[PDB]
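Before any questions on how it binds or moves, here is one chain, the form deposited in one PDB entry, in structure tokens.
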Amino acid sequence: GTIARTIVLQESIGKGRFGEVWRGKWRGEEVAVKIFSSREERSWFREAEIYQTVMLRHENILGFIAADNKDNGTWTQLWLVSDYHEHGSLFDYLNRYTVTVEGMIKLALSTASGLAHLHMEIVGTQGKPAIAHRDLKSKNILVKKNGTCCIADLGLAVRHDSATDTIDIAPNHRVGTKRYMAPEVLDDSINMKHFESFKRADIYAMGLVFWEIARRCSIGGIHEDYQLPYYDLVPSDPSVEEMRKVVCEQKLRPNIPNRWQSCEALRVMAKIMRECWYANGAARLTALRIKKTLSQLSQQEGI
């Protein structure tokens, strides 16, 4: 293609389960290129399909540029070109840095604004269907130069046809990162024909993400070391069983240190986390309500 032939790959920045991410230069600008092999076409095509959803572009959704293919003379590579964010993942950003209260609210609100857009159905001729991430985690959220997030890795997404209340790919199996799986996903009680269930499962995962950010918030040089949710209860790369035992049976969640009650911003973040973590998906906050809360918190702080 015309786009892939003009892109120079400079650095392989990640090797995931579906495709490898490269830092490339396009028309003198930095771009991220997700490359898939010939045998990963279904993964590539689906992610292109999601990223090309009508009215998807949003400041807190990774900016998609193009799908393309590149023949190097021996084999074809399937490309997905998108915006490049030098900070990379929220995961890397939180491992590397601590944030201020202003910084924390910025990352949390942008994530919630991006998820609220994804979840929001826009009716019209240029209508946008409601979309559920299904694999929301700190490794799938990128951090922009201005200190705000954007949701990335939309390849596992599902889209809602609101008129019939049917999901475009009618999921029949559990997907996503085990650590971040909602209680109803771990114990397989989730109604996979119920789109609102998927949005609720995303909210649970966002609550875990907020916890990771809040730990790295530095007030009076006090903060926790970076940790994945449940680091204190499950091993690295946990199994569904290891997760179900903790999240569903023992019904534990990431610990909220009492000192988060000391700060107004961490109090708001802690109440949100708790209202994301309810074992019953229906009691959980909606992403739009979280966006409303944090927007109301940000304006006061003066961001």
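Note that the rigid core is defined as the largest set of C-alphas that superpose within 1.5 Å between two forms. The first residue of the sequence shown is number 1, and the count goes up from there.
Heads up, the form deposited in another entry isn't pictured, but that's what we're talking about next.
Considering only 71, 225, 86, 188, which residue exhibits a C-alpha shift of no less than 2 Å between this form and the one not shown, with the rigid core used for superposition? Spelled out, the residue whose C-alpha shifts by 2 Å or more is 71.
Between the shown chain and the other structure, the Cα gap of residue 73 to residue 7 differs by 3 Å or more. Is it closer or farther in the other form? Note: Cα gap between residue 73 and residue 7 widens in the other form.
Given that the distance between the C-alpha atoms of residue 72 and residue 49 changes by 3 Å or more in the other form, do they end up closer or farther than here? So the answer is closer.
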